[PDB]
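What follows is a short report on a single structure.
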Amino acid sequence: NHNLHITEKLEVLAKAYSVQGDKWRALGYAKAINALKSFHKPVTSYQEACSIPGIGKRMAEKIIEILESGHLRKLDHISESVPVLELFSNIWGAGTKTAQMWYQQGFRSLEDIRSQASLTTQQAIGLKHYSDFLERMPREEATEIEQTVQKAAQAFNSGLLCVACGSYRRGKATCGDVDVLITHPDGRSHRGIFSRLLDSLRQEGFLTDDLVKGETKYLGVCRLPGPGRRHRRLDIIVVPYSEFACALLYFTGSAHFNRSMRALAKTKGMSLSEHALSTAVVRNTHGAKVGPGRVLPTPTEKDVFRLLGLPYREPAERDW
DNA sequence: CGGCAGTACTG
DNA sequence: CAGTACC
DNA sequence: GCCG
Ligand SMILES: [Mn+2]
Ligand SMILES: [Mn+2]
Ligand SMILES: [Mn+2]
Ligand code: NA
Ligand code: NA
């Protein structure tokens, strides 16, 4: 915000490290970029840079070069491959390893990929919907998608609870996809739904492509009827009722919020996953060596916060 | 030095 | 298994 | 990359 002239430079590096496979450096840049954006003032010195959590020696140095000097030496030394690697890894189902392999084999455009690359089933779908999957939808369309899933699920069993999570539940104006979470208060009737539910959503022509079909998670592609509609990513997760609060929290995110909550859980000798909050977990030197611990009862998202000794945060307040 | 998350599909 | 993906 |  006050330092976008710094963060604009740093995000180019962050992206370059990401698509090249250096996930840890990329994580460090992403965190520092979020810290600099959230800051209350323009950073104007080295020791002020060091003041911020997430900015250490090397990041402060780069912020210092940006100031006064106006640019960053390293940006001029980013491999010419990065834009192509970004292009390739924006195919759903292709990550850094696949993108680098394609690059090594001589492929430089999606036309090369289309005409010469061997593609997995998922990657052919990702390529078929390449532009669509880079578009975010208006949240009103996320609502229509959630209600389509809900109506199809509640026709099989009216007791099923269905909730769109992710960025939708965090109140965002646009959504990259729809994350639909399904449970049943009876603790049992959630099981074996996908056979009927997915077949039902196919009958409409609503489901257009399947990317992942598991016993508890479906990842695929839908499209609402009528003209002017794009293909949209749809994820559906079925969970036992006892896990509903932790799944609500995890799949609402954001990813950084979840990461921050896992770190806090660790400081308290606990662990937090999409399935449960666990206590008296045993670490040896930050590594969970032994001590899986015990699952704590968490009927509500509020209980997770309370058991972590934290004040409750509405989903809109988790958009980190 | 070494964690920075666990969970699940695919092939 | 490695790779990719979910937040 | 950061940080304990
Ligand atoms: Mn989402
Ligand atoms: Mn999703
Ligand atoms: Mn389309
Ligand atoms: Na710092
Ligand atoms: Na991808």
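Residue numbering restarts at 1 for every chain, and letters A, B, ... go by the order of the sequence lines. All values below were derived from every heavy atom in this structure, side-chain atoms included, with hydrogens, water molecules and symmetry-related copies excluded.
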Who pairs with A:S271 by side chain to side chain donor-acceptor pair (under 3.5 Å), at least two apart in sequence or on another chain?
none

Should the side chain of A:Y17 and the base of D:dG1 be counted as holding a donor-acceptor pair, with the cut-off at 3.5 Å?
no

Considering only C:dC7, B:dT10, D:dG1, which nucleotide approaches the side chain of A:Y29 most closely?
D:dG1

Could you tell me whether a side-chain N or O of A:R108 sits under 3.5 Å from a main-chain N or O of A:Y103, the two making a donor and an acceptor?
yes

Nearest whole angstrom, please: distance from the P of D:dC2 to the CD1 of A:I33.
12 Å

Can you see if the side chain of A:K266 gets near the phosphate of B:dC4 - specifically, an N or O under 4.0 Å from OP1 or OP2?
yes

Can you tell me the distance, in whole Å, between the CG atom of A:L13 and the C1' atom of D:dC2?
16 Å

Could you tell me how far apart A:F133 (CZ) and C:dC6 (P) are, to the nearest whole angstrom?
10 Å

Does the pair A:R223/A:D132 count as a salt bridge with the N-to-O cut at 4.0 Å?
no

According to a strict under-4.0 Å criterion, is A:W92 in side-chain N/O contact with OP1 or OP2 of B:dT10?
no

Out of C:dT4, C:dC7, B:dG6, which nucleotide sits closest to the side chain of A:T96?
C:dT4

Closest to the A:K217 side chain, choosing from C:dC6, B:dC9, B:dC4
B:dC9

Tell me what A:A94 touches on the nucleic acid: a base, only sugar-phosphate, or nothing, going by heavy atoms under 4.0 Å.
sugar-phosphate

B:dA5, OP1 or OP2 - any side-chain N/O from A:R259 closer than 4.0 Å?
yes

For the pair made of NE2 in A:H256 and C1' in B:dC4, what is the distance, rounded to whole Å?
12 Å

Counterpart base for C:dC1, defined by Watson-Crick or G-U wobble contacts under 3.5 Å:
B:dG11

Check: A:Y29 ring centroid to A:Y17 ring centroid under 6.0 Å:
yes

Over all strands shown, is A:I91 touching base, sugar-phosphate only, or nothing at heavy-atom distances under 4.0 angstrom?
sugar-phosphate

Rounded to whole angstrom units, what separation is found between the CH2 atom of A:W24 and the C1' atom of D:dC2?
12 Å

On the nucleotide B:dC9, are OP1 or OP2 found under 4.0 Å from the side-chain N or O atoms that A:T216 carries?
yes

Can you find a side chain N or O atom of A:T98 that sits less than 4.0 Å from OP1 or OP2 on C:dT4?
yes

Aro-ring/base stack A:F257-C:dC7, d under 5.5 Å, angle under 30°:
no

Quantified in whole Å, what is the P atom distance between nucleotide D:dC3 and nucleotide B:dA5?
16 Å

Does A:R233 put a side-chain nitrogen or oxygen below 4.0 Å from OP1 or OP2 of C:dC6?
yes

Sorted by number, the residues of residues 100-116 of chain A with heavy-atom contact under 4.0 Å to DNA chain C:
none

A:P53 has its side chain closest, among C:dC6, D:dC3, D:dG1, to D:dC3

Once you round to the nearest 0.5 Å, how far does CG of A:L197 lie from CG of A:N157?
11.5 Å

Just verifying a value: how many Å separate A:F133 CZ and A:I91 CD1, rounded to the nearest 0.5 Å?
12.0 Å

Give me the ring orientation class for A:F257 and A:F305: parallel if the planes are under 30° apart, tilted from 30 to 60°, perpendicular past 60°.
tilted

Atom NZ of A:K97 and atom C1' of C:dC1 are separated, to the nearest Å, by 14 Å

Just how far, in rounded Å, is P of C:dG3 from CD of A:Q123?
13 Å

Please tell me whether A:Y218 and A:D210 have a donor and an acceptor in their side chains that are separated by less than 3.5 angstrom.
yes

Let me know the distance between CZ of A:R25 and P of D:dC2, rounded to the nearest Å.
10 Å

Sugar of C:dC1, judged by the sign of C1'-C2'-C3'-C4' (positive north, negative south), puckers north

Carefully, step by step, assess A:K62 and A:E65 under the rule salt bridge (charged side-chain N to carboxylate O under 4.0 Å, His left out).
CA-CA 5 Å; A:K62 299 197 176 66; A:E65 156 158 4; over 6 Å; no

Would you say A:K62 reaches D:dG1's phosphate, i.e. side-chain N/O to OP1/OP2 under 4.0 Å?
yes

Look at the side chain of A:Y218 against the base of B:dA8 and say whether a donor-acceptor pair falls under 3.5 Å; ignore hydrogens and angles.
no

